[PDB]
Chemist: 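A single structure is presented below for examination.
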Amino acid sequence: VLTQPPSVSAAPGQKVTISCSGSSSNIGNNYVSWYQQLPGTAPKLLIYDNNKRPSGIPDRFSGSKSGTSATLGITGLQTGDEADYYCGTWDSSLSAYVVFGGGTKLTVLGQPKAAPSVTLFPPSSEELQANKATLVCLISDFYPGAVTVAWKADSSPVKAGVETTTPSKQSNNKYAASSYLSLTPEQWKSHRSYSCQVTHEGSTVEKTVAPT
Amino acid sequence: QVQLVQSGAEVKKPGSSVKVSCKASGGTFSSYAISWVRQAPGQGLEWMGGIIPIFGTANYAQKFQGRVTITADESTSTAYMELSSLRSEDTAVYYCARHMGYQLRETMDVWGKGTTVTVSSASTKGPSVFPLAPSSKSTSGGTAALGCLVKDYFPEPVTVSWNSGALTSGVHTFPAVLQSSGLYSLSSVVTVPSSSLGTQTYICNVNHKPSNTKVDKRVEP
């Protein structure tokens with residue numbers, strides 16, 4: 001019931017601020033804290049008592065509060081600051097609780113652009129013998145970390161039986177994702193071909209497979 | 001100095017209950033308030049409740065009242081969160097956090113690493129492993145992609161290695177997808193010199209510890 005922008009994008013060396021808006025019974029009346037959650041990790045306290053830093057938090061991070069709002073500031077932004085940021089405070093209402101903002105996803109665009117490498121596998125004869133058919137679209141080495149995937153049976157869009165993962169960061173700091181098209185062996189054999197189309201920063205890469 | 005150590009991942013069916021623990025290792029809970037905060041996949045932080053053992057007090061968010069119970073054992077410096085009548089919507093990571101004092105209104109300066117809780121009607125099941133054979137359509141620039149499709153298992157996790165760990169570079173194991181059936185699938189690829197395809201053996205080693213299943217599968221052209 002605290003309000004933050006859901007997402008912010010910035011570049012290394014920039015300054016960013018993230019705002020948190022509440023009411024008189026939470027922020028207006030209580031101290032604000034800010035929590036950093038790096039991907040795959042637990043939240044960590046960044047700022048408490050509106051503007052105080054725990055030991056070990058660089059002074060690039062600052063906070064302020066006025067009225068029913070609070071602000072987190074980050075100067076000299078680094079790629080390592082890419083994280084979800086949560087404001088938190090106490091709500092003093094008679095049924096009391098800790099209250100958080102919904103979180104701001106801070107994306108730091110700090111690597112070279114990289115188009116996705118796409119590999120599309122047809123169903124194996126082993127899986128066909130098991131009376132199933134799966135097309136496997138593997139998408140790797142792209143940056144920034146967002147793609148959209150569309151599938152085509154011959155030339156028409158197919159949306160049933162599609163499952164696509166969120167992008168995940170690779171060791172080399174590029175991103176990877178997967179998409180799967182589930183078909184029956186009859187569907188697989190009855191069409192001329194199937195296609196996986198990966199769109200990244202408005203450019204489309206496509207792979208196609210066909211029954212044997 | 002203090003570290004909050006939480007119990008391991010849990011997998012539960014709808015209607016059951018889960019109890020998660022959080023031990024103050026190298027420290028104590030005696031002087032402090034302790035909260036439980038959860039985070040559903042891709043979602044935000046949600047406070048469930050907290051306990052202040054020194055004042056014999058516990059507090060809960062109205063969303064979870066009647067369903068969540070928080071307790072402490074001071075002989076072992078261990079806090080507990082029990083959530084009953086589980087739904088699939090209760091799938092989340094559950095964090096223990098210690099406050100900077102004995103007030104829940106104080107900041108949360110120490111956090112545990114989280115306990116994953118998965119609620120699903122699915123039953124434990126080992127995967128089928130299908131080979132993703134190298135071909136012209138997966139070969140370019142003198143290197144070929146080949147892989148293993150690890151299909152229809154429950155629950156997470158699965159690990160994949162190649163040639164029993166001897167083959168690591170060029171290996172890419174993708175995060176899993178969840179199908180409408182309730183079962184997961186993932187894939188693992190390795191890119192190799194195309195010229196090596198007739199002479200080197202490529203075997204993926206799939207380990208699914210929740211079902212005590214291991215599969216070794218050679219992948220060939």
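Letters go in sequence order (proteins before strands), and every chain restarts at 1. Atom set for the values below is all heavy atoms of this structure, side chains included, hydrogens, waters and symmetry mates excluded.
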Chemist: If I compare all heavy atoms of B/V189 with all of A/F121, which pair ends up nearest, and what's the gap?
Modeler: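 Smallest heavy-atom distance, with atoms named: CG1-CE1, 4.0 Å.
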
Chemist: Mind checking whether A/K132 and B/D152 have side chains closer than 4.5 Å, heavy atoms only?
Modeler: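 Counting from C-beta outward, A/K132 and B/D152 do come under 4.5 Å.
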
Chemist: How long is the gap from CE on B/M100 to NZ on A/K52, to the nearest 0.5 Å?
Modeler: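 Going from the CE atom of B/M100 to the NZ atom of A/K52 covers 6.5 Å.
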
Chemist: For a 4.5 angstrom cut-off between non-hydrogen side-chain atoms, does A/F100 reach B/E46?
Modeler: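 Result no, sub-4.5 Å side-chain heavy-atom pair not found.
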
Chemist: Among B/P131, B/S135, B/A61, B/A176, single out the residue with the greatest number of heavy-atom pairs under 4.5 Å to chain A.
Modeler: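 The option with the most such pairs is B/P131.
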
Chemist: Given the options B/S187, B/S35, B/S128, which has more heavy-atom pairs under 4.5 Å with chain A than any of the others?
Modeler: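 The answer is B/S187.
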
Chemist: Side chains of B/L178 and A/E163: does their closest heavy-atom pair fall under 4.5 Å?
Modeler: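 They are not in contact (no side-chain heavy atoms under 4.5 Å apart), so the answer is no.
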
Chemist: How many angstroms lie between OG1 in B/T107 and CG in A/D49, if you round to the nearest 0.5 Å?
Modeler: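 B/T107 atom OG1 to A/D49 atom CG measures 7.5 Å (nearest 0.5 Å).
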
Chemist: What part of A/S92 is in contact with chain B, defined as an atom under 4.5 angstrom from a non-hydrogen atom: side chain, backbone, both or neither?
Modeler: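 Neither; nothing under 4.5 Å.
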
Chemist: Give me the atom names and distance for the closest heavy-atom approach of B/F130 to A/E127.
Modeler: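 The answer is CE2-CA, 3.5 Å.
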
Chemist: Going by heavy atoms in the side chains, are B/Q179 and A/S182 under 4.5 Å from each other?
Modeler: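 No, too far: nothing below the 4.5 Å cut-off.
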
Chemist: Shortest non-hydrogen contact from B/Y95 to A/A42?
Modeler: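 Where B/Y95 meets A/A42 most closely, the heavy atoms are CE2-CB, 3.5 Å.
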
Chemist: Find out whether A/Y97 and B/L104 are in side-chain contact, i.e. whether some heavy atom of one side chain is under 4.5 Å from a heavy atom of the other.
Modeler: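 In short, these two side chains do not touch, never coming nearer than 4.5 Å.
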
Chemist: Do A/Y35 and B/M108 have side-chain heavy atoms sitting under 4.5 Å apart?
Modeler: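 In short, these two side chains touch, coming nearer than 4.5 Å.
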
Chemist: Report yes if some heavy atom in the side chain of A/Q37 is under 4.5 Å from a heavy atom in the side chain of B/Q39; otherwise report no.
Modeler: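 A/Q37 vs B/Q39: side chains touch.
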
Chemist: Rounded to the nearest 0.5 Å, how far does NE2 of B/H172 lie from OG of A/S117?
Modeler: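 These two atoms lie 9.0 Å from each other.
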
Chemist: Passes side-chain contact (heavy atoms from CB on, under 4.5 Å), A/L138 versus B/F174? Steps please.
Modeler: CA-CA 8 Å; A/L138 308 171; B/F174 288 75; 3.8 Å; yes

Chemist: Give, as side chain, backbone, both or neither, the part of A/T41 having an atom under 4.5 angstrom from any heavy atom of chain B.
Modeler: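 Contact with chain B involves the backbone of A/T41 alone.
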
Chemist: Is it the backbone or the side chain of A/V98 that comes under 4.5 Å from a heavy atom of chain B, or both, or neither?
Modeler: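 Interface part for A/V98: both.
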
Chemist: May I ask you to test the A/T134-B/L149 pair for a side-chain heavy-atom distance under 4.5 Å?
Modeler: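 A side-chain contact exists here, since the closest heavy-atom pair is under 4.5 Å.
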
Chemist: Select one option (side chain, backbone, both, neither) describing which atoms of B/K63 are under 4.5 Å from chain A's heavy atoms.
Modeler: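 It is neither, since no heavy atom gets under 4.5 Å.
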
Chemist: Under 6.0 Å from the NZ atom of A/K44, do we count more than 12 heavy atoms belonging to anything else shown?
Modeler: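 It does not: A/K44 NZ has 12 such atoms or fewer within range.
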
Chemist: Quick one: which of A/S179, A/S178, A/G88 has the most heavy-atom pairs under 4.5 Å with chain B, could you say?
Modeler: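 Sorted descending by pairs with chain B, the first entry is A/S178.
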
Chemist: With a 4.5 angstrom heavy-atom cut-off, is it the side chain or the backbone of A/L120 that approaches chain B, or both, or neither?
Modeler: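 Nothing of A/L120, per the 4.5 Å heavy-atom cut-off to chain B.
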
Chemist: What part of A/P43 gets closer than 4.5 Å to chain B, counting heavy atoms only: side chain, backbone, both or neither?
Modeler: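 Both backbone and side chain.
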
